[PDB]
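Student: Mind looking over this structure? Questions follow.
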Amino acid sequence: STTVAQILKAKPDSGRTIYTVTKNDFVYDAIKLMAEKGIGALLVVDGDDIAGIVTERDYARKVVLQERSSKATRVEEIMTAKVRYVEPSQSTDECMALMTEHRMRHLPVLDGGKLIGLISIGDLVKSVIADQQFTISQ
Amino acid sequence: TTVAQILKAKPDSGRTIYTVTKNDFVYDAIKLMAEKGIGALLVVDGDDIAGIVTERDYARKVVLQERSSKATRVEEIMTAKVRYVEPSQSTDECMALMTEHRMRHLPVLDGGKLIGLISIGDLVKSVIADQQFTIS
Ligand SMILES: NC(=O)c1ccc[n+]([C@@H]2O[C@H](COP(=O)([O-])OP(=O)(O)OC[C@H]3O[C@@H](n4cnc5c(N)ncnc54)[C@H](O)[C@@H]3O)[C@@H](O)[C@H]2O)c1
Ligand SMILES: NC(=O)c1ccc[n+]([C@@H]2O[C@H](COP(=O)([O-])OP(=O)(O)OC[C@H]3O[C@@H](n4cnc5c(N)ncnc54)[C@H](O)[C@@H]3O)[C@@H](O)[C@H]2O)c1
Ligand SMILES: Nc1ncnc2c1ncn2[C@@H]1O[C@H](COP(=O)(O)O)[C@@H](O)[C@H]1O
Ligand SMILES: Nc1ncnc2c1ncn2[C@@H]1O[C@H](COP(=O)(O)O)[C@@H](O)[C@H]1O
Numbered sequence: 002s003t004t005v006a007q008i009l010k011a012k013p014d015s016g017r018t019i020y021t022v023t024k025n026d027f028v029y030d031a032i033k034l035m036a037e038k039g040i041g042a043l044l045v046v047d048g049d050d051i052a053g054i055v056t057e058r059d060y061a062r063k064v065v066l067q068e069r070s071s072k073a074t075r076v077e078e079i080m081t082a083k084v085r086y087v088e089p090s091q092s093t094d095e096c097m098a099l100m101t102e103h104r105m106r107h108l109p110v111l112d113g114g115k116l117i118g119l120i121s122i123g124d125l126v127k128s129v130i131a132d133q134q135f136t137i138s139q
Numbered sequence: 003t004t005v006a007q008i009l010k011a012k013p014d015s016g017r018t019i020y021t022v023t024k025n026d027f028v029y030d031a032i033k034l035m036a037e038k039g040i041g042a043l044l045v046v047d048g049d050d051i052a053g054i055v056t057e058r059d060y061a062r063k064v065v066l067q068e069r070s071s072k073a074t075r076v077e078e079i080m081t082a083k084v085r086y087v088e089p090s091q092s093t094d095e096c097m098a099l100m101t102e103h104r105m106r107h108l109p110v111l112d113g114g115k116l117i118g119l120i121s122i123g124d125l126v127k128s129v130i131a132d133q134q135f136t137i138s
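Just so you know, the protein sequences line up as chains B and A, in that order. The first sequence: position 8 = 9 (the authors' numbering), numbered continuously. The second sequence: position 122 = 124 (the authors' numbering), numbered continuously.
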């Protein structure tokens, strides 16, 4: 088994950086920040406690299709509150099952109740093939 | 495991491809993605593959550019240079492509004929679909 710890150590710097917004932030500001960092999710924090999680999938489904403006809508209105998480001990296979079964591409990592990072379906796919050999022609 | 097997694994053997035209409005693309529970649409120019548009394009190229989805065409935000695979190819190859090129969707062509579409989630499922897990 390859672990969540190992996935984070591979991440740049060294998975320690979690990009974040508060519940009161405008959705528009969430979307601008995602764009600035090249990411598709933000952990929603209200002063150190995990409030929820908001992603590009949330923005595509719950704003303009609901007659809302990202500028006049707050993150809380579209985020998922019941956040599923993993611990650094868990295997990538377990993580992939969770993502598949619950239809989510992001998993915060809590260690003893401390948020230590965040992993995504992309980090998991990379670990599956990262050491395999390919050709440009293949 | 092959792309063909990934397609076979899907409910209608992956025969359905949810599609839009280059002239359609982004809002109609977005509406349709919601309607069908998906994150991408193949963009057709009346029977030829013109591009691909995903929830990521929508997140990046519309309101952040002062545009409205009712007032913007799919062509404006789509990716015109589409990468694809054929059924012969292995899931590892598809995973590498998605990782290296930062895309989560691959149309599947067979002899220049579109047969279906696979996503990063189809690949991840194949990796663990046979594996045993407990709730605990
Ligand atoms: N070449 C690579 O190193 C690499 C790594 C990861 C993903 N990818 C690919 O790029 C695309 C990335 O999308 P994804 O589907 O994994 O989702 P994503 O775009 O949300 O994730 C991209 C990277 O940013 C990180 N990230 C996302 N949200 C974060 C947050 N709030 N705080 C801190 N870090 C965060 C992820 O852990 C991941 O490493 C996919 O096509 C995937 O295959 C490539
Ligand atoms: N339980 C399952 O069987 C299952 C299967 C696939 C994905 N997932 C999960 O659900 C989420 C789905 O996201 P995703 O990131 O793979 O992207 P997605 O939301 O675009 O894909 C969802 C499913 O719809 C299909 N699809 C998407 N666009 C299509 C189009 N234009 N035409 C035809 N089919 C299309 C995909 O191939 C995939 O099977 C992820 O968390 C993933 O892990 C679960
Ligand atoms: N760790 C998580 N726990 C619970 N829900 C999540 C998590 N990550 C994402 N989601 C939600 O699941 C949906 C898809 O997210 P994603 O596939 O990560 O874009 C969105 O409605 C998200 O808010
Ligand atoms: N098969 C593909 N070929 C080329 N570009 C793609 C492909 N799939 C998605 N993209 C683009 O890559 C970015 C991320 O897409 P996705 O991860 O599939 O949401 C978006 O700008 C898409 O338009």
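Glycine included, C-beta positions come from ideal geometry on N, C-alpha and C.
1) Using a 10 Å radius around the Cβ and a threshold of 16 neighbouring Cβ atoms, would you call residue 18(B) buried or exposed?
2) Determine the DSSP secondary structure at residue 36(A), reduced to helix, strand or coil.
3) Shorter than 7 angstroms, the distance from the beta carbon of residue 98(B) to the closest heavy atom of ligand 5, or not?
4) May I have a chain-ordered list of the alpha helix (DSSP H) segments no shorter than 4 residues that lie completely inside the region 102 to 135 of chain B?
5) Roughly how many angstroms separate the alpha carbons of residue 2(B) and residue 119(B), rounded to a whole number?
6) Run the CB neighbour count on residue 53(A), radius 10 Å, all protein chains shown included, and call it buried at 16 or more, exposed below.
7) Given this structure, state the Cα-to-Cα distance separating residue 135(B) from residue 25(A), to the nearest angstrom.
8) Look at residue 12(B) and residue 124(B) and say whether their C-beta atoms are less than 8 angstroms apart.
9) For residue 36(B), which of 20(B), 49(B), 130(B) has the nearest alpha-carbon?
10) Under 8 angstroms, do residue 129(A) and residue 5(A) count as touching if we go by C-beta distance?
11) What are the start and end residues of the beta strand (DSSP E) that includes residue 43(B)?
12) Could you name the residues of the same chain whose beta carbon sits closer than 7 angstroms to that of residue 46(B), not counting the 5 residues immediately before and after it, in chain order?
13) Of the residues 68(B), 126(B), 49(B), 41(B), which one's Cα is nearest the Cα of residue 99(A)?
14) What does residue 97(B) reach in chain A if we use C-beta pairs closer than 7 angstroms?
15) Relative to the C-alpha of residue 78(B), which candidate in 28(B), 38(B), 88(B), 89(B) has its C-alpha closest?
16) Who are residue 192(B)'s beta bridge partners in DSSP?
17) At the 8 angstroms Cβ level, is residue 27(B) part of the contact set with chain A, yes or no?
18) May I ask you to check if the CB of residue 127(A) is nearer than 7 angstroms to at least one heavy atom of ligand 2?
Tutor: Quick answer:
1) Residue 18(B) should be labelled exposed.
2) Three-state result, residue 36(A): helix.
3) Absence of ligand 5 is noted for the structure shown, with ligand 1, ligand 2, ligand 3 and ligand 4 being the only ligands found.
4) Runs of the alpha helix (DSSP H) lying entirely within the region 102 to 135 of chain B, each at least 4 residues long, are 122 to 130 in chain order.
5) If I take the Cα positions, the gap works out to 19 angstroms.
6) Using a 10 angstroms sphere on the CB of residue 53(A), the tally of other CB atoms reaches 16 or more, which defines it as buried.
7) Going by the C-alpha atoms only, they are around 38 angstroms apart.
8) Closer than 8 angstroms, so yes.
9) The option with the nearest alpha carbon to residue 36(B) is 20(B).
10) No, they are not a contact pair.
11) It spans 42 to 46 - the beta strand (DSSP E) in which residue 43(B) sits, taken as one unbroken run.
12) The beta carbon of residue 46(B) sits closer than 7 angstroms to the beta carbons of 21, 23, 52 from its chain, once the five residues preceding and following it are set aside; these are given in chain order.
13) Considering only alpha carbons, the answer is 126(B).
14) 126, 129, 130, listed in chain order.
15) The shortest C-alpha separation from residue 78(B) is found at 28(B).
16) In the structure displayed, chain B extends from 2 to 139; residue 192(B) sits before or after that span and is not available.
17) Using beta-carbon distances, residue 27(B) does not count as an interface residue toward chain A, since no partner is under 8 angstroms.
18) Here the distance from the Cβ of residue 127(A) to the nearest heavy atom of ligand 2 is below 7 angstroms.
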